[PDB]
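Encoded as structure tokens, the structure appears first; notes follow it.
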Amino acid sequence: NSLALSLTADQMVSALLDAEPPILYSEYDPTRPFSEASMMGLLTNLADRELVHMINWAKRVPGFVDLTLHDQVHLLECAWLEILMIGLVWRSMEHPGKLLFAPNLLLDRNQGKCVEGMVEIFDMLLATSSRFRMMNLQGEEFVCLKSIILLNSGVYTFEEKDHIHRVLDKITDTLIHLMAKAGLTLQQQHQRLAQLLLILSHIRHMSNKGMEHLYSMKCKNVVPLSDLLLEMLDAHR
Amino acid sequence: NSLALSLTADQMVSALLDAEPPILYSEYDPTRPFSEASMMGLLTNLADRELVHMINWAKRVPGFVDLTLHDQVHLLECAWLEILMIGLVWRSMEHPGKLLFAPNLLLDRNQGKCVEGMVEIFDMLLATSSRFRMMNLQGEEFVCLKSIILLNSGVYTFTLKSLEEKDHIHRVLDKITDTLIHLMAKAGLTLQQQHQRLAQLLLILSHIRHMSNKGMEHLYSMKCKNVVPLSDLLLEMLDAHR
Amino acid sequence: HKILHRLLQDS
Amino acid sequence: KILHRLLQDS
């Protein structure tokens with residue numbers, strides 16, 4: 001029925017690697033001392049442009065096209081902030097103590113104090129980056145985790161449900177195939193699988209706490225939010 | 001030095017099973033079709049009494065005593081609602097379309113609409129229960145998942161010496177992972193089926209985290225609404241999440 | 001009418 | 001703290 005289940009492990013990895021969105025740049029202004037309104041403007045503008053690439057990255061995820069239009073909308077509405085965060089965390093691996101929102105926008109926890117309530121989200125994001133760096137997370141594992149977020153985070157807020165779970169099982173087979181490829185023993189394979197999937201619980205937590213902060217930003221009306229971001233934000237009520 | 005690292009998989013299961021807290025009763029009266037503010041009073045009273053058993057249950061979890069006191073406080077302050085919810089979901093497996101808060105308090109989603117915003121959290125709990133039902137979740141797997149939630153939900157929210165105890169928590173987590181795999185291999189599942197089922201169970205915990213997050217936000221509104229009597233312990237747990 | 005509807009159908 | 005207390009009671 002669906003061609004995603006017929007792909008092999010390497011073909012699954014290649015399709016996810018080739019689908020990777022590009023690393024966008026922040027607005028050029030050197031700008032570096034920041035205020036609440038200026039930092040929120042740079043991140044909001046960056047997040048709005050990353051969403052356009054994420055939506056096109058989602059259609060390239062094997063099995064995502066097979067869902068109905070409403071099912072695709074629901075999965076992206078619930079996962080979009082998680083996907084932004086895990087990408088930011090992955091970009092910040094090689095920069096301990098820093099968050100790489102863009103190649104020209106590297107911030108630390110001191111700059112998170114400019115925005116009211118963001119320093120808490122910053123520390124959790126930095127902690128996830130240290131966790132990935134301590135685990136030596138590979139890019140093949142990262143694209144698997146990110147697609148798991150897209151398919152799993154909304155599967156329980158809905159025949160069609162068995163499709164997503166079978167695609168989720170495919171990625172699980174792909175993750176194990178990557179770990180057996182790197183020489184990990186059987187005990188190390190299911191242990192590392194568990195460690196990686198448990199971090200998704202914390203990424204969900206960071207997203208929920210992030211949604212609250214972005215909701216108060218709409219009520220503060222300090223920075224005008226784009227209509228696309230407003231629709232993704234109103235989906236969480 | 002820890003006993004949790006010396007235990008075997010079967011020894012891990014029996015230790016967690018022997019530590020299971022009891023199923024508590026509510027003060028629900030079927031003769032009184034009471035209102036929504038009263039139903040939350042029953043759930044608030046029930047959750048408050050369950051917290052006392054959960055606190056003593058946590059001491060029985062292997063490795064939890066080897067942690068410092070303030071780390072035990074942090075772990076429970078962030079996981080307590082998740083543990084209440086997965087326990088509620090587990091008790092409700094054999095009651096499709098209903099949530100068994102207590103043996104005398106069985107509610108469907110129609111009676112959850114009485115409280116504002118309560119209907120959404122009810123549906124997520126029901127979907128989680130039906131998810132456990134189609135997976136045929138076993139009791140030995142439930143106690144592992146519940147103990148994983150306790151150790152994992154606050155491990156990233158914790159200077160140089162404090163990260164040594166953080167390493168001890170990941171050791172116990174890997175041991176519980178070995179226990180889950182041992183159970184699935186005992187049930188006649190292939191290596192492919194073990195890794196899939198292990199992944200399916202751990203992906204539930206992110207949804208349980210989501211339910212707890214939305215649950216915390218609903219509890220915060222009740223405190224400011226000042227309509228349901230919240231106990232001093234629940235108000236202290238609620239102030240831990242700000 | 002959702003903007004997300006339009007973006008998922010375009011390329 | 002009540003949680004600190006119940007964890008500490010022996």
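Ordering of the structure tokens sets the chain letters (A, B, ...), residue numbers begin anew at 1 in every chain, and ligands are numbered from 1 in the order given.
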Which polymer residues have any atom within 12 Å of an atom of residue 6 (chain C), counting only C-alpha atoms, with same-chain residues fewer than 6 positions away left out, as a PyMOL selection string? chain A and resi 52+55-56+69-70+73+228
Interface residues on chain D facing chain B, 7 Å, only C-alpha atoms, written as a VMD selection string: chain D and resid 2 to 4 7
Which polymer residues have any atom within 8 Å of an atom of residue 128 (chain B), counting only C-alpha atoms, with same-chain residues fewer than 2 positions away left out, as a list in words?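 Contacts, in chain order: residues 156 of chain A; 89, 124, 125, 126, 130, 131, 132 and 204 of chain B.
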Would you save the residues from that selection as a short mmCIF file (atom, residue, chain, number, x, y, z; two decimals), in the first residue's frame, using N, CA and C atoms?
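Everything below was put into result_6.cif:
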data_model
loop_
_atom_site.label_atom_id
_atom_site.label_comp_id
_atom_site.auth_asym_id
_atom_site.auth_seq_id
_atom_site.Cartn_x
_atom_site.Cartn_y
_atom_site.Cartn_z
N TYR A 156 -1.57 10.08 19.05
CA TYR A 156 -2.55 9.74 20.07
C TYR A 156 -3.54 10.86 20.35
N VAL B 89 -3.97 5.27 33.98
CA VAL B 89 -4.14 4.66 32.66
C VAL B 89 -4.04 3.14 32.76
N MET B 124 -6.95 12.11 26.07
CA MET B 124 -5.57 11.65 25.96
C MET B 124 -5.31 10.47 26.89
N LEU B 125 -5.89 10.49 28.09
CA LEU B 125 -5.75 9.36 29.00
C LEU B 125 -6.46 8.12 28.44
N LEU B 126 -7.65 8.30 27.87
CA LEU B 126 -8.36 7.19 27.26
C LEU B 126 -7.57 6.60 26.09
N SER B 130 -6.31 2.76 25.79
CA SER B 130 -6.57 1.89 24.64
C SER B 130 -5.29 1.52 23.91
N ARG B 131 -4.27 2.38 23.98
CA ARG B 131 -2.98 2.03 23.40
C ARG B 131 -2.32 0.90 24.19
N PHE B 132 -2.36 0.98 25.53
CA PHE B 132 -1.88 -0.13 26.34
C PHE B 132 -2.68 -1.40 26.09
N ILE B 204 5.46 6.09 24.42
CA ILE B 204 4.29 6.44 25.21
C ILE B 204 4.65 7.47 26.27
#
Cut-off 6 Å: closest chain A/chain B atom pairs per residue, using only C-alpha atoms, as JSON lines:
{"residue": "A:169", "atom": "CA", "partner": "B:196", "partner_atom": "CA", "distance": 5.7}
{"residue": "A:191", "atom": "CA", "partner": "B:174", "partner_atom": "CA", "distance": 5.7}
{"residue": "A:201", "atom": "CA", "partner": "B:206", "partner_atom": "CA", "distance": 4.1}
Suppose you want the space between CA of residue 178 (chain A) and CA of residue 140 (chain A); what is it in Å?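 That distance, rounded to one decimal, is 7.5 Å.
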Determine, using only C-alpha atoms, which residues of chain C have any atom at most 8 Å from an atom of chain A, and tabulate each with its shortest atom pair and distance in Å to one decimal place, rows ordered by chain and then rising number, as a tab-separated table.
residue	atom	partner	partner_atom	distance
C:2	CA	A:231	CA	7.3
C:3	CA	A:228	CA	6.1
C:4	CA	A:73	CA	6.8
C:5	CA	A:73	CA	7.1
C:7	CA	A:55	CA	7.1
C:8	CA	A:55	CA	6.5
C:11	CA	A:56	CA	6.8
Report as JSON, numbers by chain: the residues of chain C with a DSSP assignment of alpha helix (DSSP H), based on the backbone of this structure. {"C": [3, 4, 5, 6, 7, 8, 9]}
As a check of understanding: the span from CA of residue 143 (chain B) to CA of residue 82 (chain B) is 13.2 Å
Distance query residue 99 (chain B) at most 7 Å, only C-alpha atoms, self and fewer than 2 positions along chain excluded, as an MDAnalysis selection string: chainID B and resid 92 101 106:108 126
